[PDB]
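For reference, the structure is listed below as structure tokens.
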Amino acid sequence: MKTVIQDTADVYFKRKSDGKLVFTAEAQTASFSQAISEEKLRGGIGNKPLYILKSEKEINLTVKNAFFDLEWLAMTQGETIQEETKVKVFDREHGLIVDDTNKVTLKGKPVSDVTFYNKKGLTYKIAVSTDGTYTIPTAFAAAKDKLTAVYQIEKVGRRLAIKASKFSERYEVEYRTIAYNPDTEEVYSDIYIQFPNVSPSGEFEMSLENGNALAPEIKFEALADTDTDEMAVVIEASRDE
Amino acid sequence: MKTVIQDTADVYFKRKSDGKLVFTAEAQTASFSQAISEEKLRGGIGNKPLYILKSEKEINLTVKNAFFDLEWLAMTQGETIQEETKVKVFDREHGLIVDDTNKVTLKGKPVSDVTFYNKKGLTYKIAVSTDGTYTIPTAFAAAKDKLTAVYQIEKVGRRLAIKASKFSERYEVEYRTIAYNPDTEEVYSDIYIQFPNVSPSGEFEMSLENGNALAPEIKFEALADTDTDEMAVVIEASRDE
Amino acid sequence: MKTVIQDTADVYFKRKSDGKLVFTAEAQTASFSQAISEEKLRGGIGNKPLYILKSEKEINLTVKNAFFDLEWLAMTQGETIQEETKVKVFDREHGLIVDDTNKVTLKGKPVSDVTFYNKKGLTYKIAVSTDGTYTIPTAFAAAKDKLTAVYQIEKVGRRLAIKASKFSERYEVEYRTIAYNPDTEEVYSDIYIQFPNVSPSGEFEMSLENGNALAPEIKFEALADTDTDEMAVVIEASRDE
Amino acid sequence: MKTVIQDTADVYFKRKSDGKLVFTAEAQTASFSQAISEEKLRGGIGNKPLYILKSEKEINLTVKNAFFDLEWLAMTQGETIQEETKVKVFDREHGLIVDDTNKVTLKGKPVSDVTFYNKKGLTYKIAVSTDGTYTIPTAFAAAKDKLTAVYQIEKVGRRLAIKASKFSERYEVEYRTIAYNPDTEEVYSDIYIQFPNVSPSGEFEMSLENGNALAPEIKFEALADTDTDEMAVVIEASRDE
Amino acid sequence: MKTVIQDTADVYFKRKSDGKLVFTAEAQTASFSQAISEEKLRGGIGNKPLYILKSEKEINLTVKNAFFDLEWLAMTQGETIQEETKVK
Amino acid sequence: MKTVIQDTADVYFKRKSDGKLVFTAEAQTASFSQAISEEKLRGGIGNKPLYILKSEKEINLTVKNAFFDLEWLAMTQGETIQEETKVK
């Protein structure tokens, strides 16, 4: 039956080895381009075309999101996301006033050497302190001035690890979208598109401009199933049955 | 006479093996661009064109509908749509309140392993139960919390399969438009454009962007008829006859 | 957890040899594109795609600041920014009146020859004067005219030098952003994207158009760590733990 | 320190042979783009990178002034602008009326043959007369008509010549801008960008469209100093010192 | 508690650098309008709103008097009014 | 002091090349409005304003009399009014 398709689709994933349902999405795009290389035989009096050669089928996919998830990047590389790992991260503090005795006091727990910046761009890389306070050379600064410090702090959280020898694994995909009946302003069928064997392609650019909202982007490529030789499948299901 | 043509066409298709009138339409575009190769033999004292030889003749097509119809995409891939076939698709259940004994109950008929989701983004996959009651570990969640579930079901509906070896077949096509008389502001003649041998080309894309109406596009390429060497025919017929 | 990212990142830098924390920033762009090569092995009774060969792996970078700091240019070459070095720069003084005796008095300290410009576009390059008062040719101008002069001067400042041989060294970088909670409009995570080993790339342009704000751009190239084989690392630290 | 640059630059030029400070501008653009060539060696189990071959250092400038001065063109050919040179140029007189005796009289001083044009657009070529009174064929015009005249006159001025062999010499260049302090809203530093050796590149174009304020454009190509192997030098002199 | 405002606003000023208490008046209007932006991210089956991006919080003031005073104008251009100057 | 201006302002005009006091008036309206613009560089974690650029200062004038004159139009085009000319 003729139907009108309006909305985008919900995207699922699944790794063939263990069965990790890697996502339930709320997306902005879904695409399943095709491509076949076609030539044309020719012969006879008058260079007539008599047949069209067709050989080399491909299918590409593309999905695009409006939030950020870390499983997203996890798929493209084949790693696993460790949980609760100690890590090192930089941190900064501002507005540190120097007392009259030429001394200042941090308020954190540095792990590496702390560097100090004045209001002209000079630098001082003093070694980590044991008690909490530091002494300032007179040349760098004087009393009743301001300084800023940068040092490394240890925080706990999740961690991925992009590695240069490992590459992606094999996945399953499926979209789901609705189509209305152009006579009755009702919903009629639930369109699905399954892909039984697909290999993620590593090409992603996370530009992080000012005031914009980042939209990820995964791209796949579909390979032929070895059992029944099916690259893509389309299903329609009536809501009246 | 001189006339002004202003609208699109009604497109008909017809397969040559079984004779299936695969479509009537209400479309948005139609085209049959043509192309030829020229060479300009030169020779003799002074560079002079002696003769211009024509060597090829290509006819393309294009059609663009405003409604989704499964037989369109069925044409370009050879396959014949199967009816009333059992399939496996994903389904999702939201907002489940945990009981006091760390147990939850579903409302469906899972046919694969069930996967649960935490409010923070964990995962826990457990085999299907017979009574529909699943026990959740204490660390995953406690009482008075909300989880979500994902699983597969069995549905009945239509089905296609884009195979990597089976390619299309050969059809007939025909358009039809309406031509006006530029004096009396009336309809004068009906235009027709027939093609007696056509081979659909597999190059199509279905983007499913949010808030955009899907516009299928199906390209063709025509080939010379063996009986009488006609790639196309144009007919004009007045409504006064 | 799904989260939404809006703002840019704070970029940090550090030279692996010395330990000079080259930069804290207030940025406008940040990206870490990837690249991989695919091959499409084929063969069969059609052209069945059997396996994807995946070779090569590169990660680039770019940061686009909103202020100008000389350390940005320091990174792009590797040379150190010398401090308090004397240098020679030009200076011009307008509105020079000719006295009745056909002489002029400068108001500076020339270190080389003085070239004067009259109101028509003539030139006259006198040797540097000792007394400071110059004598203008009678043909160049007359009493009660206006001239312009240009000469060199000695100043003190910082200095960089782009040589044609020296090449870059290796750095460490970190991004940091804030991702929000889509249910409560609070802050949930603090993203980190480390880059344990990077190599500055020589490609940079400084357009100084009229009536514009200048935004430098630096582009890097990421190389695998020699110990661990980790090109880049992503870290998601919750603000609850 | 951190600073914000707003304005364009003042450029200074200088010939290394005779020492003529060839300019002092008020510009609309500037640029000092850079370039490097990179190729990657590969080998081993896994097509891994082992070495990078960095094999150039090219710099180019570009300036776009807001007035027109002939010295700009002088720079791009190396010639010298001669002063007070006799030249021959065309001149056009309109609105001549034919007397009742079939004669017309000019009001200038030709040096070549004079060509007349009539209201239909014919032509009549006559030699230069000694008394200045000329005769018109009766077919060309009659009494009380309107004619126009075009011919050559001798004028004096400045002269330049683009030849087919002469090529450029080597030059010095310098920019200069002003950078503000983002806290107390005042100018802090004075950026400089020196270039110790350049060579003008001949690619210039003067489109003289109607109603556009012409803007010349000059391109250079920086080379390496023989003495110190420096291609560029950057300075920041603070007004507090 | 609940109240009714009927009278105008008496206004005050001050400079941050030298601190001249420039201002008093019996004024006629006063307002401090605010303005914030929105973008309304969307997505999903049905193009629903999911999150609202806010990227500004700006306020601007306005005051009008009934008697002209020079210090008002001086404040805009920042000039320090000279006194006892010979003029033509 | 605080003052209350009730009347308009008498106008004077003068060319700078020759120095003709081109006009005098009892007019009805006058004004000397001004105009500037803003650009507000932005950036950072939270798109805050980092610096304000000032790049304009343009002043326009308007004057409106109740009586007509030809010198009035004369300044506008710069043409000198010839006298005692035979006209059709």
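Think of it as A, B, C, D, E and F in the order they're written, each chain with its own count starting at 1.
Everything that follows uses one rule, which is that a contact is a pair of C-beta atoms (placed from the backbone, for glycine too) under 8 Å apart; a residue touches a chain by one contact, two chains touch by 3 or more.
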Practice task
Could you figure out which pair among C-D, B-C or A-D mirrors the A-C interface, over half of its contact pairs being identical by residue number?
Solution key: C-D
Completion exercise
If you tally C-beta contacts across A-B and across D-F, the winner is A-B
Practice task
Can you check how far apart chain A and chain D are, centre to centre, with Cα atoms defining each centre and the answer in Å?
Solution key: 51
Exercise for the section: Would you kindly tell me how far, in whole Å, the mean C-alpha position of chain D lies from that of chain B? Expected result: 59
Completion exercise
Cα centroid separation, chain C vs chain E, in Å, comes to 39
Handout entry: Residue numbers of chain B (touch at least two other chains)
Key = 164-165, 210-211
Completion exercise
chain C partner, complex, touching residues on chain F are 39, 41-47, 50, 53, 55
Problem - Complex contacts: residues of chain A adjacent to chain F - result: 210-211
Handout entry: Contact set on chain F toward chain E in their complex
Key = 2-5, 47
Problem - Complex contacts: residues of chain A adjacent to chain B - result: 1-10, 12, 19-21, 24, 28-36, 38, 47-52, 54, 57, 59, 174-177, 179, 182, 189, 191-192, 194, 224, 228-238, 241
Handout entry: chain D contact footprint on chain A (complex, rising order)
Key = 119-121, 164-165
